[PDB]
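Next up is one chain by itself, shown in structure tokens, the form deposited in one PDB entry.
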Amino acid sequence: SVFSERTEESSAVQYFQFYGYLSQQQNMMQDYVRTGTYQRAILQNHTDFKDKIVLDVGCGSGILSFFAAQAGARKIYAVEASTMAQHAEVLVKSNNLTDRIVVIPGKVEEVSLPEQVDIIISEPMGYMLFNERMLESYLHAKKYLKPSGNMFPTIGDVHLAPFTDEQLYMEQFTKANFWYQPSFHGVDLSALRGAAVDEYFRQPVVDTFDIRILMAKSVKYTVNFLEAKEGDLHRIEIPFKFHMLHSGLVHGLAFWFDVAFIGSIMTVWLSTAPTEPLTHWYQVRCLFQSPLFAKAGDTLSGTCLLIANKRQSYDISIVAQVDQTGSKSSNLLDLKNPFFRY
């Protein structure tokens, strides 16, 4: 509904087909930091689950609902829109938990729950936190949340920071410059070079990297899942003013995210920062086609603007300038089509 509204079928069909593969559920489950942190966040806040009713938004294999079960929940509604829902039902049976975990096929925007829930859990985070637009589904699900019900995760921080990394910049530039060739098999491609450069630099780069390449402390943008509304994520405007710690070419901004589970007994954090062990999300870098030259001490300022689209992703706009010189850089990146360098 709300879902069909914001989503083209050519997208929502391809999307849920992807999460119908066991191997893709496996990719997430295998991420030990992710899965192990969720289990610990849930088991260590057992009072948040003991005898409670819970909703698992996008249960996939069902793994998070089993954690809720382990922690004493009385009833768990496990909503899943892809065919994976059937495999989850199989696991519920084979694990003898039919009396507590109830699989409900369909989009959380479109199904009905027999009752309101004390707590919603989900693992909706995408690359750069926001990709896939599933955070909106998670927020949407709050229509089933009892007053003063809890959200696991409770908040999310996106971090961005300027980086230098010229091996990357040049590896992407060299790819583009195939289209600079004046005589490919006798044919001059060079008029497209600009188009080429644009296309390659529109791809955010997903992989990890040494923290040494960061040139200033990260700026933080926070979403409070207890408080935000779906619509807060349609247009995300992240202003930044970095205070440069090193001089050098700025080749772009790197992004990563943390979420926190604020339970009654303790807060637990899941981080995908480059200072932390690798997760299946790696990190994300948006390159500038034309890097900015900065001296330690300069401030680099501008805006990262994320505009949600109907492909369950975002068009990313990044404008940055070195205040001291007036050197500007503007970029547009298409989060739907990442470059997996790893």
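The numbering used is simple: start at 1 and walk along the sequence shown. C-alpha atoms forming the largest set that superposes within 1.5 Å between two forms make up the rigid core.
The PDB entry records a higher mean C-alpha B factor for 110 to 118 than for its counterpart among 110 to 118 and 184 to 192. Between 270 to 278 and 287 to 295, the higher mean Cα B-factor belongs to 287 to 295.
The PDB entry gives the largest Cα B-factor of the residues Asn131, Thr154, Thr83, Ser264 to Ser264. Between the residues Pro204, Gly252, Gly126, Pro105, it is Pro105 that shows the highest Cα B-factor in the PDB record. In the deposited entry, the Cα temperature factor of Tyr144 places it in the highest third of its chain's modelled residues. When all modelled residues of the chain are sorted by CA temperature factor, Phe209 is found within the middle third. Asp258 sits in the lowest third of its chain by CA B factor, as recorded in the PDB entry. Annotation for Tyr77: CA B-factor lies in the middle third of the chain's modelled residues.
In the deposited entry, the Cα temperature factor of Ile53 places it in the highest third of its chain's modelled residues.
The next section is about a form of this same protein that is not shown, the form deposited in another entry.
For the set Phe209, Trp179, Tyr200, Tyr221, a Cα shift of at least 2 angstroms between the shown form and the other one, after rigid core superposition, holds for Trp179 and for no other residue. Taking the rigid core as fixed, one finds a CA shift for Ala191 of 2 Å or more between the shown form and the other one.
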